[PDB]
Number of protein chains: 2
Amino acid sequence: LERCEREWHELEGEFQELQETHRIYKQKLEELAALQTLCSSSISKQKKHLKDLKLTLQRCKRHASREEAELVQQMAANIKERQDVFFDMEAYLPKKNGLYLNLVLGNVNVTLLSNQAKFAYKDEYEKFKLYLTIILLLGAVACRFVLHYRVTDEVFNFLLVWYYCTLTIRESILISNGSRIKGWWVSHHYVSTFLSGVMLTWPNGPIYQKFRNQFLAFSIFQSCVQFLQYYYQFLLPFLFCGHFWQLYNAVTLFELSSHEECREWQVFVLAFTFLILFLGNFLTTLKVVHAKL
Amino acid sequence: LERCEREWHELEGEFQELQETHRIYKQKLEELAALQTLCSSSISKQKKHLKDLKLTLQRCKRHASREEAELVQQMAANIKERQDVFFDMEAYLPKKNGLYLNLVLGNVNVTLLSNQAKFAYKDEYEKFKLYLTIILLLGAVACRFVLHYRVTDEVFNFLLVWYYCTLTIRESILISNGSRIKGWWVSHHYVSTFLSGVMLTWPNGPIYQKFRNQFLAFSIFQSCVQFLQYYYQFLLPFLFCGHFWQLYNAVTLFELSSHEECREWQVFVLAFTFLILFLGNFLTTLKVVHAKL
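As drawn, each chain counts its residues from 1 in written sequence order, possibly unlike the entry's numbers, and residues without coordinates are not displayed. All chains are assigned letters beginning at A, and all ligands numbers beginning at 1, according to the order in which they are written. Side-chain metrics in this entry use all non-hydrogen atoms of the structure; hydrogen atoms and water are not considered.

What the deposited record gives as its method is cryo-EM, and the resolution it gives is 4.0 Å.

(A) Structural detail: the overall build of chain A. Check the secondary structure of chain A and you find nine helices and zero strands. Strands are runs of DSSP state E lasting at least two residues, helices are runs of H or I lasting at least four, and both sets are numbered from the N terminus onward. Each helix and strand of chain A, ordered N terminal to C terminal, gives the series α-α-α-α-α-α-α-α-α. In summary, chain A has a C-alpha radius of gyration of 28 Å against a globular reference of 19 Å for 293 residues, an excess of more than 25%. Each principal axis of the C-alpha atoms in chain A carries an extent, and together these give about 95 × 75 × 35 Å. Residues counted as buried form 37% of the 293 residues belonging to chain A. With an accessible surface of roughly 18000 Å², chain A has 66% of that area assigned to carbon and sulfur atoms. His residues and chain termini do not enter the charge count, which takes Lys and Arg as positive and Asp and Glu as negative. One atom stands in for each charge, and that atom is NZ of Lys, CZ of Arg, CG of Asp or CD of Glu. Positive and negative side-chain charges of chain A, numbering 32 and 28 respectively, have mean locations separated by a distance of 10 Å. Values of the radius of gyration come from C-alpha atoms, whereas the globule rule sets the reference at 2.2 Å times the count of residues to the power 0.38. The buried label goes to any residue with under 20% of its type's maximum accessible area, the exposed label to any with over 50%, and the partly exposed label to all in between, with areas taken from a 1.4 Å probe on protein chains only. Working definition of accessibility: Shrake-Rupley area with a 1.4 Å probe, residue cover restricted to the visible protein chains.

(B) The packing of aromatic side chains, seen in detail. Residues and elements named next belong to chain A. When two rings of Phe, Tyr or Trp (its six-membered ring) have centres within 6.5 Å they constitute a pair, described as stacked for plane angles under 30 degrees, edge-to-face for angles over 60, and tilted for the intermediate range. What the rule picks out here adds up to 28 aromatic pairs over all chains. When the ring of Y100 is compared with that of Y190, the centres are 5.8 Å apart and the planes differ by 70 degrees; the resulting orientation is edge-to-face. Of this pair, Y100 sits in helix 3 (residues 100-105) while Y190 sits in helix 6 (residues 184-200); the two residues are 90 residues apart in sequence, bridging distant segments of the chain. Overall, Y100 belongs to the partly exposed group, its relative accessible area being 25%. Look at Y190 and you get partly exposed, because its relative accessible area is 34%. Relative to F282, the ring of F240 has its centre 5.8 Å away and its plane inclined at 65 degrees; by these criteria the two rings are edge-to-face.

(C) Looking closely at the UniProt feature "transmembrane region" in chain A. Residue and element names in this part refer to chain A. UniProt positions are given in the numbering used here, feature names are shortened, and annotations may be inferred rather than shown by experiment. Taking the numbering used here, the UniProt-annotated feature "transmembrane region" corresponds to residues 98-120, 128-148, 155-175, 183-203, 234-254 and 266-286. Secondary structure content for residues 98-120 is 52% helix and 0% strand, and the end C-alpha separation is 22 Å. With 100% helix and 0% strand, the stretch residues 155-175 has end C-alpha atoms that lie 30 Å from each other.

(D) Local environment of the interface of chain B and chain A. Contact between two residues is taken to exist if any of their heavy atoms lie within 4.5 Å; hydrogens are not considered. With 52 residues of chain B in contact, the opposing surface of chain A contributes 53 residues. By salt bridge we mean one thing: a side-chain nitrogen of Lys or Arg within 4 Å of a carboxyl oxygen of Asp or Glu. Summed over the shared surface of chain B and chain A, the result is zero salt bridges. We call two N or O atoms a polar contact when they sit within 3.5 Å, provided that within protein one can donate a hydrogen and the other can accept it, with sequence-adjacent residues counted only if both atoms are side-chain atoms. Taken together, the links from chain B to chain A amount to seven residue pairs in polar contact. Residue assignment for the side of chain B that touches chain A shows that the elements contributing at least two residues are helix 1 (2-59), helix 2 (66-92), helix 3 (100-105), helix 4 (115-145) and helix 5 (150-177) of chain B. The element that contributes the greatest number of residues to the side of chain B that touches chain A is helix 1 of chain B, accounting for 17 residues. Under this grouping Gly is polar, as are all residues other than the nonpolar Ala, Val, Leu, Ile, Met, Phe, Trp, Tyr, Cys and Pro and the charged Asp, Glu, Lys and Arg. Class assignment for the residues of the side of chain B that touches chain A results in 32 nonpolar, 13 polar and seven charged.

(E) Layout of the packing of helix 5 of chain B against helix 7 (residues 206-228) of chain B. Residue and element names in this part refer to chain B. Helix 7 packs onto helix 5 with a crossing angle of 40 degrees between their chain directions and a minimal axis gap of 13 Å. Here helix 5 is positioned oblique relative to helix 7, judged by the angle of their axes. The way helix 5 lies across helix 7 gives a crossing that is left-handed. Facing helix 5, whose interface residues are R150, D153 and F156, helix 7 presents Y208, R212, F215, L216 and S219. Counted by class, the contact of helix 5 with helix 7 contains four nonpolar, one polar and three charged residues. Throughout, an axis means a line fitted to C-alpha atoms (over the contacting stretch in the case of helices), and angles, computed between N-to-C directions, take values from 0 to 180 degrees. Oblique is the label for any angle not under 35 degrees, not over 145, and not in the 65 to 115 range, which are roughly parallel, roughly antiparallel and roughly perpendicular in turn. In this scheme, a crossing is called left-handed if the near helix is turned counterclockwise away from the far one by less than a right angle; it is called right-handed if the turn is clockwise.

(F) Inspection of the relation of the copies chain B and chain A at higher detail. We line the copies up by least squares, and the atoms we fit are the C-alpha atoms. Its rotation angle being 180 degrees, the transformation that places chain B on chain A also includes 0.0 Å of axial translation and leaves an RMSD of 0.0 Å. Expressed as an axis order, the relation between the two copies is that of a two-fold axis. A share of 98% of interface residues in chain B that are also interface residues in chain A marks the association as one of identical surfaces.

This is the structure in structure tokens:
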């Protein structure tokens, strides 16, 4: 066991070496905290001077001599340069979280702060989306054709609502990390996870047994659009057809609310979710077309 | 507008100063990456030498002379010291996540790595738990006494299942950050969020209208126990009474499955969740009593 003793001697040497490295590490951590305080002060002073200078550009915008007109145009080009460069250093800098991520994960720092790390996280997000849309597809056209029971549709709706919550957490991380994808999309995911829930708690009458087929076909259309929307990371006509299929569902269910003598409250709170999810995404696509135009 | 020009001159000076600080910051980031690679190598070599040395202690454990017996006892005291000290530097060190947090948040680093930051995060977690158990309490005894409708019970069950998922994400962060609270508790939260779901999808017959009252009283007992379990951060007798109330629910619903001529599948998948949640938490408490003893 003397071998263990001499090995211990070697590990004590390595232990004091790692103690040295760990206390150097703690010194570096204190230096990092100091520079984070300094950069936060820099954020404050930079944004203060930004609002002051755009106020100066605002009240200087009124008409005067040609020389100050050249000065205003020149300062406009520079102020565009100002926002681009401060967007760069505000991208790398670690940043306070939003509100929803604050409400779920609490006060914790999730900023990668690295270009290649952001790229890798985007690839991971794309891979996760493809995998779970494969599982959902093998369940939409599957549930429609083999198993016609209530319990499997409940399980499928649990999987859809869980999937939508995971996507909204992921996209909150993605927005607080890097590029701004803020717009219709995050509110689209919120209203779509609300839509998942209403279908689940129907009282399983004949009316659910009629609306089930159109809902499952609509899901198949949604899975195919998201799948082809990833292989690209063409798409527009199938997106228009998705909007029109959504309109088909909305009109059919809205007419269905009048047809039966007695209505649940859940056939009429559910149609208007489809209609809001029509006017939102379709018009956003035409805005992207105008962005293309 | 010449004031803006001279201010610009000052901001260009501050801009090159912040460019200097930012490139120093990037140099420090590269140094951090290098020391993280070094400390990961240290992790590998330390754990390798740990398994080798505990193997040496294992096959050296066999009976021999008194001198090596003193050596084995002495090395046992030191190896306990070895695990304590390596637990310390493996606590501060940033660490790879588990599996569930990997499945939800993806590959992202959530290690605070700071004692006071961990303490602050624990206080935030305690505050969040108290606030949402207040909201749930004002809903359990509330739903029971004023509003007897299906939709409000669905909303309350949505709030409970959302609350349980948020707690399991928070405790995953807490375990991957600091102390080991791994045991019955995280699996308890998983089976309890499974329990929330089964109650929600009942077909609203008379039988649900009978089981509702005992479920809501049980929730009130649960909210009071969690509230008193926080004010401490006494508890044992009310915890025993919670277990026995859980047994009351289990026996009543198990007898209820036989009483009615026709049974849904959801009165018999739901009772055994209560029974598993009885044998688990009660026996864990007596283990804590034995830990006290």
